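If you want the building blocks of each chain, they are given just below.
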Amino acid sequence: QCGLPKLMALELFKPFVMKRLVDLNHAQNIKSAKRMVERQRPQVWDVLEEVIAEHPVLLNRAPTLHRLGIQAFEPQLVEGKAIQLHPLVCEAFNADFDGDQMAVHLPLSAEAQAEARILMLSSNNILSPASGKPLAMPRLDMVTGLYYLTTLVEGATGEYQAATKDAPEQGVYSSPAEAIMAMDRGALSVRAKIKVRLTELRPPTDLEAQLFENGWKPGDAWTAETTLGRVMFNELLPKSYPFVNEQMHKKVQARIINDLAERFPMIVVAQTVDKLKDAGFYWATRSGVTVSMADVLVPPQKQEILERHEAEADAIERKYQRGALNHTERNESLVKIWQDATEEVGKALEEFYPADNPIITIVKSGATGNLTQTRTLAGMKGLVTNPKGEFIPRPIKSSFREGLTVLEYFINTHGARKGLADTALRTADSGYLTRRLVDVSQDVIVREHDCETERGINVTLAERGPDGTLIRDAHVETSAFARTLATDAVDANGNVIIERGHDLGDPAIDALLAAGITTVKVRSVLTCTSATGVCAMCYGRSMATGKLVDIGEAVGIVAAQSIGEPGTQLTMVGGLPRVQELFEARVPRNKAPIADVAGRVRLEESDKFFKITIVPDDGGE
Amino acid sequence: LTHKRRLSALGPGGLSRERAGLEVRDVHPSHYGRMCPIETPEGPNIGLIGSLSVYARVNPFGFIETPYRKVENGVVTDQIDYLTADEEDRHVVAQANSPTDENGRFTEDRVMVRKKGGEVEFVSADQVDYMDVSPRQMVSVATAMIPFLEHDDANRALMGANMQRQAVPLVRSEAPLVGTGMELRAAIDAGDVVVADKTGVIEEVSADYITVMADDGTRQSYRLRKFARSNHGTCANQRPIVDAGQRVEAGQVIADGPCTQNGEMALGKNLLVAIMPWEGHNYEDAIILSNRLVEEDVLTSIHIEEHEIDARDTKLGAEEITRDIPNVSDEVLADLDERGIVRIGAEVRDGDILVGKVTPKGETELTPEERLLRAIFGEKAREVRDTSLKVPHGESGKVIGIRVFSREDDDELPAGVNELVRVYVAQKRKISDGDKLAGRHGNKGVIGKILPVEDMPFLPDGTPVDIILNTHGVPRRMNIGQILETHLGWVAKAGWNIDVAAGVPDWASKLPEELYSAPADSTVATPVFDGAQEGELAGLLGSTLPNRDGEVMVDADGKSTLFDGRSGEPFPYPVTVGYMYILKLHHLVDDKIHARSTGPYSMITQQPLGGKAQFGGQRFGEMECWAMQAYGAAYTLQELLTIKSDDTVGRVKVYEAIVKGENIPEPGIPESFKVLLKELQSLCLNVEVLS
Amino acid sequence: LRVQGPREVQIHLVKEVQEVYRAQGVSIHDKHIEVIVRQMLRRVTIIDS
Amino acid sequence: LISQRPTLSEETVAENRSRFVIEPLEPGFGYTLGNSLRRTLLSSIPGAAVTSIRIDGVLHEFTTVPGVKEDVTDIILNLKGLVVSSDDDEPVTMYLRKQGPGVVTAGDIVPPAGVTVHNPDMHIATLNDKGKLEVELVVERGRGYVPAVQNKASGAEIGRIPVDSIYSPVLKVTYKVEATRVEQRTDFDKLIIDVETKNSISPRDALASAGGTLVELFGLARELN
Amino acid sequence: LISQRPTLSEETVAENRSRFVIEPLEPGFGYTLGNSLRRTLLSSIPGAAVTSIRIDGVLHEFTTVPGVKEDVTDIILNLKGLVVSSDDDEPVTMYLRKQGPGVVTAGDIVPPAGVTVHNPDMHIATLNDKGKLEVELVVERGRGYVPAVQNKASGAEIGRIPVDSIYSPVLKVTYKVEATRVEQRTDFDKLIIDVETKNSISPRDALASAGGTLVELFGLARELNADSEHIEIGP
Amino acid sequence: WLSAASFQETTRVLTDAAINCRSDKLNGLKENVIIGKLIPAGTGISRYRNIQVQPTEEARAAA
Amino acid sequence: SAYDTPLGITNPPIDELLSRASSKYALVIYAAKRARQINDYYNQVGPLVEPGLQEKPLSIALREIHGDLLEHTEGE
Amino acid sequence: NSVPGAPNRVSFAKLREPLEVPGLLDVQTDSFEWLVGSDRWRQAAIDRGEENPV
Ligand SMILES: [Mg+2]
Ligand SMILES: [Zn+2]
């Protein structure tokens, strides 16, 4: 759902409103209906709400970097002049509420309405088509809520106490309602560990196996050791989902959402994300997270570290005055010393801060920010770069919480301006690259089911070293997952683990590693033999839908958009210029010669140059 | 004021925005004291446009000089010399904020200085030969009005400095509780306030003029601008502040300007703020406001717009300004003056007539149906067609002024123009959802929700807060200076008194005597790079005066216990509460909302025009087409590119189908492709379509 | 491409692009990059006709 | 359990400020009761306020008056602070006339029967030598905040200046909860609610009005037999 | 007089669970109603429940009871699940005795005059073969939820187990406020309250009792000035 | 040649196409939008575009 | 499987609809054709499922597809 | 101190300003006066250490 201003909706639907006014005998003809709509008489607004019902509208935010930049929503009239946007889609649109604007388009034809209602509906596009990770998931405040809801704190009010020779167990509640009653009287902290008898929540897999041999059913009671907050959180998840009983970090929530998407229909995920949003906002409001000058604690050991490193720097300076080291050597030594000082200050800051500090709470929960920002806020700014790009060997010791002096601020401005200017042109370069990528790849479209080819490419899954057990490859999610096997995998003896034409998920890789398989041949677009376009099996499964790609999808545009979307956040060589060089297939700047043929090498240092000669072992040239 | 001190690298003989690399737009060490490193555009003009520093002066050759204090033998001397960049490159300059004795000799053994290459170094006190005039030598006028600037990151400081120039004037203005010392001088330098020319005694004070009898026999009268439209449609209103029989001195402010209060610069309003997330309404930089700001017109502003119409000559006869218009209801022209112009004090809305005008038609060639309709009603085929000036779409407000120029009575109008009529419409806009507010530290945001007073969290004494700002912004944006602003604003509003029974406290050792105690609602000044310190602020928070009931709402840490307005239970943890200076930027949803269903089209391409001035259509760019192709929405894309843009026949047929309630017809052959084909046919290319 | 073969050059291009992208912490499946490479490798220079 | 119905007792802090103690209440009950009372007291108490004004020598609010230090907009803003008490439920007209040197305050208005002004010392404007101020104000009764009504909708002629009306006599309402002892235990709590009003209506009357509104609202819940 | 009088509508969700919708009420009154209504509903209706127990098979080390598979904690929870209704607002003693293999439920308790049990099918424990269960319960009336009262001063009689008391018949109450439209204005609030009580009362009766209690409480304030201008509703 | 001209180097592309006299078959996902014909992808391909629909006899009888 | 009552245009659930079609595009064209037929009938086969008070043709077509009251083919 | 009015505003500044802030509009006015040529400009140029300014 989206909130549409009354005036905007009236203007968009003017013809429909005029039709519904004339046919309802509010106006005698089309001219009268138009005149009534222009003056906005009260009868217009009654018909407007009837007209807009079940009429989706497309929202867009420029620039449209990828597919999810345009999404269909069901409109509803709202007082005022600002469009109301659902918080969960802000990640897809890359939108923030600091003055951004969105454009609204009205589908007219029945085909367009069907496409908007099915293909482009916001609730049907949870996952990212690029990597397949969920996007319409809790973030920022919501996470900070759920985190606080599910964190366990020792020594809390109403904490469970083991039975003694004088009294039985204390913190045991007959049902979650009793726990809520206790919480409402200040007798039970929401984050206090307790024992509670649950009946409507499925227990975890191993507990279910250990307790119910015939399978858990609704109404069966079982005692769980957990906090009231975790119990409330598990009520947001679908009925059949097993109990989690774990602190809700960002990655934990992402894992849960990914599990839901794989094993549950799309509607259930859309409802669960809304429930999580509501709970997260409610408990973020009451999480106690706030910013104050006192909350920004400083490490007591900062002064000693700074004085020691200042003594070291003075020693280096006195050495330099003798002439033992050059200017570049002095700069390098100072840079190393101040890097060490910054690292020690950061370590001290991390150690000193308490667990429940709001600044650390926000970062650790994964809602937003990073520890480097905290270190520069409280600990010390560190080193800054000059216009030339080299590190200045005069660090800004004073943190912003203390306040930089004039000269430190002036030098920091250099790096700030450089970063801003770089970001200014990143967008243009990325847009140009995306345009070229889209244009080149526009011809790749899935045209048939399978080309019936035995060819493919080899992808490694794991490597075995002296430890004996084969360790999984780090880059396996982007290589082996969401692919098809070209040939059957056979272990050392010869038994087949997975037959050809099987989707490679997580269980498939787990089974293959157990059997001892390290490399697998998978069908790929590079080897597709289809006469026109490509085939579904070679491409694999669509990341967005998690199912086999369907005939008629323009995978080329999707690939181009996926490549181009993260371009804006690549440094400006190992960044966007490097990507452009690689894709343009031009001679690299720092060209490295490649051995034409094996043999023995020889070299001769020369004036401003090397020279290398390779003598083939086989042959004489 | 900032516009007049702008240094631009573009223009003839300058750079081009498409041919400017990183090197030119980066900060150079020589800028110190000449070009402000903070104030600069955020967009593609980053680094190409800057502002002159406070103390910078221009050499007749065109080079920018800055003042420095001559120091010899490690003793700062009263002599001041203006140096150029190349001239200072041969000297060692020490920062102003360096300890010095009453005599002038440096107290410390080593001083911080800048060398030839702009490199910062410790040197012996005898090596320095120049010193900075003031700690704020490097900042511009706008940057000088950000309190606690040194605690704010460069990006946020730049954003705040840029935002300060977009504040719209309010109906009533008040100076900030906490600010710099610049607000005063700037207000006088901008020249919008009225300053007495000669010392004397005020004679007569009205809302329109001020008469002052000078000390000698001379007397001077000053005319005050009242409700005068500015270049951007913002009210410019000057009002007196002096009283009859009051002695005034030359250079003393006698009338306030648009955004000034008692001779100081007042761009926004100081209001109570609580730093906490609230039910997700301030999510992603959104802001919640109390309804009080609407009831009391705290953030209300007057906006004036001018409409111009002209009656001129034509080959068919001159067009006349008349009170009678063909085919108009008698009620429509009810507020029109006898001449046909709207009456002052009327309330015009969208589509209302402002000035009545008519133009000769000439040929008629009326259609047979129209001829029959006129015959059955006996209506004359009038010679003139209506061309009256009508209020644009979405406008409103009272009519305040009318100006008429007629060639008959001089009125040297352009050739062919016989009459010129200007109408001024003024409207009072209250803060509403979607309006953009911001602070002085780059913490911008749009208003997402306006709550009734009973819903806002309130202090334990019953006082409700005015604004709720999210807590997740500050730490990652590195603009912690706003928290110090909030603390010091709370300290300023509620008076403070430092007990001096057991001597003076250690933290307050360096505070001037005047800051030992101050009454309630006392304003304070914290100059950039020389102002309130950490420990001083902490102590002042810990030494505030109680309220009317003899109790302190805010503890020594700056946090207070709030109550939930909706549920009624107290919030589990204390919340940071204080006073912040929030200013209203000129980005209001009122003037950017337009939608379109059908409107004017282009001459050649026949596509909809763009812009809110016309019934502008939104551009469906190439990237949107890529997105539609990625979705596989073939039909939506086809209708967007043909039916809704330039399928001339398809447009009218689709309108007819929608009105009649029928299926949408098939599109075909947008006009742009035909134009392209017949353009390629030119320049000798045989382009043709086969079947 | 000239020395080792068409199969290797696509491996090299995919590896380089993925390394650059993941240096910043961005996850893109190799299928998109290999589609781009497939488009990059579609024609042959004729030596003699 | 205990059998002791709660009781309410009042004390007066000032002429227009009072405190009310309700005790004994069940534990965790004072906060919600006080919040409900505060919400009703701040959003439902009826009062009287000026609905529109007309000055002799102006047509709109964006002009000035000869010999008057303040302009029309500032005069309207100053009049916003006027506090009035009315009896009848129909619009009433008050007249304000002044000439020559002096300061026009709220005490210069000549209200008709049934209309009272409780802040006669409020400053409105100042006339120096030739300022002739003639104003007519319209007073009505209502509740809450009502934005100014446009002349065209109200069918008024040019000259009338509609203004925003604030029908609310209550300034500040707060509450606190303390523990009180009973034969059962110290669990029960007492609620102290403090009310400060514009002096147009006594705090007790406003409290009674809020209580009546809440009683009649909860009558719906009680109607289930 | 109000703009539009609100109305209350009921919809049954289950045997002992219902939902009530009050609409359309003026803006800002949704929470004002709902919060106080929930608090009164869940903390003002009087009832009865078990407050202390004593099992003859255990005197120290309250871990397990001989002859039964269920531990002491499980028995305590099952008893907490019991539903009782007394009519003497004073402590009374109930006795439960069982012998031999089988299952002991609420229906096996012998109640005295006045005391009643509404869920005789509630399973209490499983008595093992050649096992005997003999327990006593203390029952009295109260209001709301009261944590277990300590017996540290009972050194002369140790073995009794005090337990948390649930007197309120209402078990769980939730409320929410939504926007709704009347005519052309959408500022109005709709209050939706979900209630679910024990077997000894229906949600309608609890709602009526809470409404009466709130009416009395606010009449306590209205009595100060009877002839005041309170917002009337009409019939 | 339509898409090549739309991409870059319009003058050179058009010159080469003119001297070569090479015709364009309008199926490239980029010239279809220029012509205004619905793209040959997603719902625009013949398989989905030429779907036939008619109620079943069982539902037709009920009416 | 088990889910809360769908609201707005999410009803009927997309999973059930996709269970009766080859892919999303086929379902889109299927619903569009049925809706066009229903509208043409309105303006001279009618809607099989009892339409609501002012249910739009598209929603009626989707409900009919969900109920399995219709059938389609794929020309090629 | 420069302004006779000088609304009260206590300052945390600990450093005395040795030089008063100059006119903020001088960049425009002085340049324009040089362009057209004015008596005050002639006097300033003469005092600055130049003869026969043009
Ligand atoms: Mg933005
Ligand atoms: Zn294939």
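Each remark here, short or long, concerns the structure printed above.
Notes on the structure in this doc start here.

## Overview of the overall build of chain G
Then step 1. Counting its secondary structure elements, chain G contains three helices and one strand.
Then step 2. When the helices and strands of chain G are listed from N to C terminus, the series reads α-α-α-β.
Then step 3. Compactness check: chain G gives a C-alpha radius of gyration of 13 Å against a globular reference of 11 Å for 76 residues, within 12% of the reference.
Then step 4. Structurally, chain G occupies a C-alpha span of about 40 × 40 × 15 Å along its principal axes.
Then step 5. By residue count, 43% of the 76 residues in chain G fall in the buried class.
Then step 6. For chain G, the exposed area adds up to about 3,800 Å²; of that, 48% sits on carbon and sulfur atoms.
Then step 7. Each charge class in chain G can be summarised by its mean position, and for the 7 positive and 11 negative side chains these summaries are 7 Å apart.

## What to know about the sheet that holds strand β1 (residues 7-14) of chain E
Residues and elements named next belong to chain E.
Then step 1. In space, the four strands of this open sheet follow the order β1-β2-β14-β13, with antiparallel pairing throughout. Looking at the sheet topology across the chains shown, the edges are occupied by β1 and β13 (170-182). Neighbouring strand axes in the sheet, compared pairwise and without regard to direction, differ in orientation by 20° on average.
Then step 2. In terms of strand pairing, strand β2 (residues 17-25) meets strand β14 (residues 185-197) through seven bridges, oriented antiparallel. Bridging from a neighbouring strand, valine 21 pairs with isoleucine 192 of β14.
Then step 3. The strands touched by helix α1 (residues 29-43) within the sheet are β2, β13 and β14, with β13 carrying the most contacts at an inclination of about 165°.

## A look at the nonpolar core
Then step 1. Core analysis: the largest hydrophobic core is formed by 136 residues, its most contacted members being A:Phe13, A:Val17 and E:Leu41.
Then step 2. Top contributing element to this core by residue count: helix α3 (residues 203-222) of chain E, with ten residues.
Then step 3. Ignoring anything within four residues of it in the chain, the contact list for E:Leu41 reads E:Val170, E:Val173, E:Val195, E:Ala206, E:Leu207 and E:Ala210.
Then step 4. Among the nonpolar cores identified, the runner-up in size contains 81 residues, and A:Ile70, A:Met266, A:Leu433 and B:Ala627 belong to it.

## What about the sheet that holds strand β11 (residues 194-195) of chain B?
Then step 1. Judged by pairing direction, the sheet is antiparallel, and its three strands sit side by side in the order β11-β19-β17 (chain B) without closing on themselves. Of all strands in the sheet, those bounded by a partner on one side alone are β11 and β17 (239-240) of chain B.

## Things to note about the coordination of the zinc ion (ligand 2)
Residue and element names in this part refer to chain A.
Then step 1. For the zinc ion (ligand 2), the protein coordination sphere consists of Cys451 (SG), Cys528 (SG), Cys535 (SG) and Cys538 (SG), at 2.3 Å.
Then step 2. For the zinc ion (ligand 2), the four donor atoms in the first shell make angles of 107 to 111° at the metal, a pattern classed as tetrahedral.
Then step 3. Positions of the donor residues of the zinc ion (ligand 2), expressed as sequence spacing, correspond to C-x76-C-x6-C-x2-C. Summarising the burial analysis for this pair, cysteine 535 and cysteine 538 share the class buried.

## Quick word on the coordination of the magnesium ion (ligand 1)
Residue and element names in this part refer to chain A.
Then step 1. On the protein side, the magnesium ion (ligand 1) has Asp96 (OD), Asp98 (OD) and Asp100 (OD) as donor atoms, found 2.2 to 2.5 Å from it.
Then step 2. Sequence positions of the residues that donate to the magnesium ion (ligand 1) give the spacing D-x1-D-x1-D.
Then step 3. With relative accessibility at 22%, the residue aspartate 96 sits in the partly exposed group.

## Examining the interface of chain A and chain B
Interface extent is often summarised as the accessible area lost during association of the parts.
Then step 1. Taken together, the contact pairs 105 residues of chain A with 105 residues of chain B.
Then step 2. Summing both sides of the interface, chain A and chain B together bury roughly 9,400 Å²; the carbon and sulfur share of this comes to 65%.
Then step 3. Its largest share of buried area at the contact with chain B, chain A owes to A:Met293, A:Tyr409 and A:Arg417, together 9% of the area lost on that side.
Then step 4. Linking chain A with chain B are seven salt bridges.
Then step 5. One salt bridge connects B:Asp564 with A:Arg286, and the closest N-O pair in it is separated by 3.6 Å.
Then step 6. Summed over the shared surface of chain A and chain B, the number is 34 residue pairs in polar contact.
Then step 7. Sorting elements by how many residues they give to the side of chain A that touches chain B places helix α16 (residues 406-441) of chain A first, with 19 residues.
Then step 8. Broken down by class, the residue content of the side of chain A that touches chain B amounts to 55 nonpolar, 26 polar and 24 charged.

## Topic: the pattern of salt bridges
Then step 1. For the coordinates displayed, the defined rule picks out 121 salt bridges over all chains.
Then step 2. Taking the shortest distance from any N to any O, the salt bridge between D:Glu157 and D:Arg54 comes out at 2.8 Å. Separated by 103 residues along the polypeptide, D:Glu157 in the loop between α3 (151-154) and β12 (161-162) and D:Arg54 in strand β3 (residues 47-55) bring together distant segments of the chain.
Then step 3. With a relative accessible area of 16%, D:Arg54 lands in the buried category.
Then step 4. Three or more residues are tied together by salt bridges with common partners; here these are A:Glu91, A:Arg139, B:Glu284 and B:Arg476.

## Description of unusual backbone geometry
Then step 1. The amide bond that connects D:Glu23 to the next residue, D:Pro24, takes the cis arrangement and shows omega of -5°.
Then step 2. Residue position: D:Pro24 is located in strand β2 (residues 17-25).
Then step 3. Here the bond from G:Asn11 into G:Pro12 is cis, since omega is 0°, no more than 30 degrees from zero.
Then step 4. As for its placement among the helices and strands, G:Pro12 is situated in the segment before α1 (14-18).
Then step 5. Even without being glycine, E:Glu61 reaches a positive phi, approximately 60°.

## Examining the interface of chain F and chain G
Then step 1. Residue-level contacts link 14 residues of chain F with 18 residues of chain G.
Then step 2. A buried area of about 1,700 Å², summed over both sides, lies between chain F and chain G, and 61% of it is on carbon and sulfur atoms.
Then step 3. A per-residue breakdown of the area chain F buries against chain G is headed by F:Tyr48, F:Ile51 and F:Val53, which together make up 37% of the total.
Then step 4. Across the contact surface, chain F and chain G share one salt bridge.
Then step 5. Note that F:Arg47 and G:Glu76 form a salt bridge whose closest N and O atoms lie 2.9 Å from each other.
Then step 6. Linking chain F with chain G are eight residue pairs in polar contact, by the criterion used here.
Then step 7. For the side of chain F that touches chain G, the secondary structure elements donating two or more residues are α4 (46-49) and β1 (51-55) of chain F.

## Some remarks on the side chain of D:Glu26
Then step 1. Secondary-structure assignment places D:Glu26 in the loop between β2 and α1 (30-43).
Then step 2. Overall, D:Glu26 belongs to the buried group, its relative accessible area being 13%.

## Side note on a nonpolar patch on the surface
Then step 1. A cluster of nonpolar residues, A:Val601, A:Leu603, A:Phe610, A:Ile612 and A:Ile614, forms a patch on the protein surface that exposes about 550 Å² of accessible area.
Then step 2. Looking at the nonpolar patch, the elements with two or more residues in it are β16 (599-603) and β17 (612-616) of chain A.

## Looking at the packing of aromatic side chains
Then step 1. Overall, the coordinates contain 18 aromatic pairs over all chains when judged by the stated rule.
Then step 2. A centroid spacing of 5.8 Å and a plane angle of 80° characterise the contact between A:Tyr409 and B:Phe529, whose relative ring orientation is edge-to-face. Here A:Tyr409, found in helix α16, pairs with B:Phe529, found in the loop between β38 (524-525) and α9 (534-542), and the two come from separate chains. The pair formed by A:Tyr409 and B:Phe529 is uniform in burial state, with each residue classed as buried.
Then step 3. For the pair D:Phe218 and E:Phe218, a centre-to-centre distance of 5.5 Å together with 5° between the ring planes defines the contact as stacked. Here E:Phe218 lies in helix α3 and D:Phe218 lies in helix α4 (residues 203-222), a pairing that spans two chains.
Then step 4. With a relative accessible area of 1%, D:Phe218 lands in the buried category.

About the thresholds
Residues numbered from 1 in each chain as written, not as in the entry; some residues may be left out. Chains lettered and ligands numbered in written order. Part of a larger assembly, values for the part shown. Heavy atoms only, no water. Helix = DSSP H or I, 4+ residues; strand = E, 2+ residues; numbered from the N terminus. Rg over C-alpha atoms; globule rule 2.2 N^0.38 Å. Buried < 20%, exposed > 50% of the residue type's maximum accessible area, 1.4 Å probe, protein only. Areas by Shrake-Rupley, 256 points an atom, 1.4 Å probe, with all protein chains shown as cover. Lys, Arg positive; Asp, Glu negative; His and termini not counted. Charge placed at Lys NZ, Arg CZ, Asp CG, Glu CD. Pairing = 2+ DSSP bridges. Axes fitted to C-alpha atoms, helices over the stretch in contact; angles between N-to-C directions. Contact = heavy atoms within 4.5 Å. Core = buried A, V, L, I, M, F, W, Y, C linked by side-chain atoms within 4.5 Å. Donors = N, O, S within 2.8 Å, 3.2 Å for Na, K, Ca; no water. Tetrahedral: all angles 85-135°; square planar, octahedral: opposite > 155°, others 65-115°. Buried area = accessible area lost by both parts, 1.4 Å probe. Salt bridge = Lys/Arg side-chain N within 4 Å of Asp/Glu carboxyl O. Polar contact = N/O pair within 3.5 Å; in protein donor to acceptor, adjacent residues only side chain to side chain. Nonpolar A, V, L, I, M, F, W, Y, C, P; charged D, E, K, R; others polar. Patch = residues over 30% accessible without salt bridge, like charges linked within 9 Å, V, L, I, M, F, W, Y side chains within 5 Å. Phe/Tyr/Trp six-rings, centres within 6.5 Å; stacked < 30°, edge-to-face > 60°.

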